[PDB]
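Next up: a single chain in structure tokens, the form deposited in one PDB entry.
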């Protein structure tokens, strides 16, 4: 309108996008970098990649994009696309995206004082170490490391502002504890110039109820069936079939769990160790029961001729609770297996009750 056109013509008369916009070349350019978390799209524990929906916020002063408001009435701000003016090269250092730059290059808003505002949105994919050991009561500290790609501390004085979380959409699987930020420096051996960066640590807590019932109901059922087969009579007929079916069902369930979560060898989840203990206990009990039944139902003394087993079973039954002796030995072994399974379940429950994600507090908040 005879003023905006003239201003746009005048501002880019000799402007060079490659030049860092400072009046004095030996002075640093202060850039205020902030963040606006909006949504946690995905937490891939397989590839250790966190996907988030983030609006970056960058602000700096341009020495050449200044004008007198009185000389250009009615126009107070101008917009420049990607390549028209200089922008800081703030990139996510730990970006796992195949493009390495998920930001959408919007226009830079500059007002009459030369203050530029740049808010590039994007779906950032950052590679963070997923420590899945206290499954499912685990908290992940995924870091977002931002910094200038080719500017030092004496050229781009990067500064930090607290991230904005008043736009956040709850994920439904992870609970956002918070996203604190920190500014650190990267002094090199070559040179005394610092290399600042801004790191935002997305502290997230896994929501219990998402996997809670879906894993507890099968686990409760298989534990009840294990107790049942540890209490059923030896000569019941269906005990062997029930045990085999239970083992097949729970190993298919464990295969499904390993398909959903990754059973990373860096730190085996405690649930996997509990399952392994249950498997070895159930297998030993079933093998002992089957061999006793198949070696003592037809021959009264076919496998009972060793003396060491007889004396050790007598000592164990005297130290534990005190048709032939084979039935009593099988019952004692089954009771011992039941006691061991109960002790393991109790100790696992005790060890999982206390943790950094307080189980009692979590269930009180959820339920």
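Residue numbers count along the first chain shown, from 1. Take the two forms, find the largest set of C-alpha atoms that superpose within 1.5 Å, and that set is the rigid core.
Novice: When you step from residue 322 to residue 323 in this entry, do you jump over none, 1 to 3, 4 to 9, or 10 or more residues of the deposited sequence that have no coordinates?
Specialist: Unmodelled stretch: 10 or more residues.
Heads up, the form deposited in another entry isn't pictured, but that's what we're talking about next.
Novice: Please name the single residue among 295, 168, 93, 134 whose Cα shifts by at least 2 Å between this form and the one not shown after core superposition.
Specialist: C-alpha shift of at least 2 Å: 295.
Novice: For residue 149, does the CA position differ by 2 Å or more between this form and the one not shown when the superposition is done on the rigid core?
Specialist: Superposed on the core, residue 149 moves its C-alpha less than 2 Å between this form and the one not shown.
Novice: When the rigid core is used for the superposition, does residue 235 move between this form and the one not shown (threshold: C-alpha shift of 2 Å or more)?
Specialist: Yes; that C-alpha moves by at least 2 Å between this form and the one not shown.
Novice: Rigid core fitted, then: does residue 194 show a CA shift of 2 angstroms or greater between this form and the one not shown?
Specialist: Yes: residue 194 shifts by at least 2 Å between this form and the one not shown.
Novice: Just say closer or farther for the C-alpha distance from residue 191 to residue 150 in the other entry, relative to the shown form; it changes by 3 Å or more.
Specialist: Relative to the shown form, the pair is closer.
Novice: Taking the shown form as reference, are the C-alpha positions of residue 269 and residue 343 brought closer or pushed farther apart in the other entry, with a change of 3 Å or more?
Specialist: Farther is correct, given that in the other entry the C-alpha spacing of residue 269 to residue 343 is increased by at least 3 Å.
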